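In what follows, a structure is listed as structure tokens, so that the remarks can point back to it.
Order of the sequence lines fixes the chain letters, A, B, ..., with proteins taken first and strands second; residue numbering starts at 1 for each chain.
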Amino acid sequence: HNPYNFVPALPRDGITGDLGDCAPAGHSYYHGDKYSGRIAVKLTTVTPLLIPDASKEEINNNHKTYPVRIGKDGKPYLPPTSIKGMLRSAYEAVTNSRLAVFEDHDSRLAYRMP
RNA sequence: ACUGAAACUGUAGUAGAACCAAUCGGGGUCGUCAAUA
């Protein structure tokens with residue numbers, strides 16, 4: 001298997017309700033019908049997790065060696081941004097939202113003739 | 001065919017009240033490139 005695949009981003013014209021485009025609930029108050037609060041999550045690794053600290057990357061002959069990123073207690077500092085981006089991309093998939101990061105992609109790509 | 005004199009433009013008054021330097025973003029990952037014989 002190729003180590004990547006894709007999740008189809010179905011078009012979303014005519015999608016309605018909470019999966020549609022909607023005005024945001026907002027932050028001004030806790031809405032009577034809408035949930036707020038704390039979710040506690042356990043994350044456990046199944047395969048090893050790379051958390052490279054690019055601030056401490058060391059280079060020889062243009063090759064970069066990364067240590068693990070560690071916190072003020074010397075345990076691995078898994079960034080919440082890295083969790084959030086995993087979670088968001090997973091969320092965007094199963095919810096089929098707009099794709100949050102689409103770069104320009106506005107030039108025609110190129111290929112070579114046989 | 002005799003200059004008026006003398007008299008503080010001063011006294012009171014907080015450039016201040018309200019306002020989040022903030023919103024979004026996995027330190028990530030695969031096949032291209034060259035054109036002829």
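- Proximity of A:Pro79 to A:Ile51: side-chain heavy atoms (C-beta onward) are separated by under 4.5 Å at one or more points.
- Comparing B:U23 with B:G27, their P atoms sit 16 Å apart, to the nearest whole Å.
- Using a cut-off of 5.5 Å between ring centres and 30° between planes, the six-membered base rings of B:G13 and B:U14 fail to qualify as stacked.
- Summarising the local packing, NE2 of A:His105 is surrounded by more than 12 heavy atoms from other residues, nucleotides or ligands at distances under 6.0 Å.
- Set against B:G28, B:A34, B:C24, the side chain of A:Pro52 has B:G28 as its closest nucleotide.
- Taking atom OH of residue A:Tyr111 and atom P of nucleotide B:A34, one finds them 13 Å apart after rounding to whole Å.
- For B:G31, the OP1/OP2 oxygens have a side-chain nitrogen or oxygen of A:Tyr4 closer than 4.0 Å.
- Pucker annotation for B:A21 reads south, on the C2'-endo side, since its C1'-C2'-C3'-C4' dihedral is below zero.
- Regarding nucleotide B:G28, the torsion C1'-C2'-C3'-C4' is greater than zero, so its sugar is described as north.
- Nearer the 5' end of RNA chain B, as judged by each residue's closest nucleotide, is the contact made by A:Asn2, out of A:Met113 and A:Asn2.
- Of the two residues contacting RNA chain B, namely A:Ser82 and A:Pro3, the nearest-nucleotide position lying further toward the 5' end is that of A:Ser82.
- Residue A:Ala54 places its side chain closer to B:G27 than to any other of B:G26, B:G27, B:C33.
- Shown here are the side-chain contact (heavy atoms from CB on, under 4.5 Å) partners of A:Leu10, two or more places apart in sequence or in another chain: A:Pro8, A:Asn96.
- The side chain of A:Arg88 contributes an N or O atom lying less than 4.0 Å from OP1 or OP2 of B:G25.
- Rounded to a whole Å, the OH atom of A:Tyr91 is 16 Å from the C1' atom of B:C24.
- Among all heavy-atom pairs drawn from A:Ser36 and A:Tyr30, the shortest one is OG-CD2, 3.2 Å.
- Nucleotide B:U14 shows a negative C1'-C2'-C3'-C4' value and thus a south, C2'-endo-like sugar.
- Per the geometry, CD1 belonging to A:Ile51 stands 14 Å off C1' belonging to B:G28, to the nearest Å.
- If you measure from atom OH of A:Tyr77 to atom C1' of B:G27, you get 14 Å, rounded to the nearest angstrom.
- The distance from atom NZ of A:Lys84 to atom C1' of B:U23 is 9 Å, rounded to the nearest whole Å.
- Of all nucleotides listed (B:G26, B:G27, B:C24), B:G26 comes nearest to the side chain of A:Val101.
- Its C1'-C2'-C3'-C4' torsion being negative, the sugar of B:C30 is assigned to the south family.
- Contact check, A:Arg69 against B:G27: no side-chain N or O comes under 4.0 Å of OP1 or OP2.
- Judged by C1'-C2'-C3'-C4', the furanose ring of B:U29 adopts a south pucker.
- By the 6.0 Å contact criterion, CG on A:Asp13 is open, its count of non-hydrogen atoms from other residues, nucleotides or ligands being 12 or less.
- Within 6.0 Å of CG in A:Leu50 there are 12 or fewer heavy atoms belonging to other residues, nucleotides or ligands.
- Anti is the conformation of B:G4, whose glycosidic angle sits further than 90° from 0.
- We find that CE of A:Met86 is positioned 14 Å from P of B:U29, with the value rounded to whole Å.
- Atoms CG (A:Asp53) and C1' (B:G26) sit 15 Å apart, rounded to a whole Å.
- Glycosidic torsion of B:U23 falls outside 90° of 0, placing the base in anti.
- Residue A:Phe6 contributes atom CZ, which lies 14 Å from atom P of B:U29 at whole-angstrom precision.
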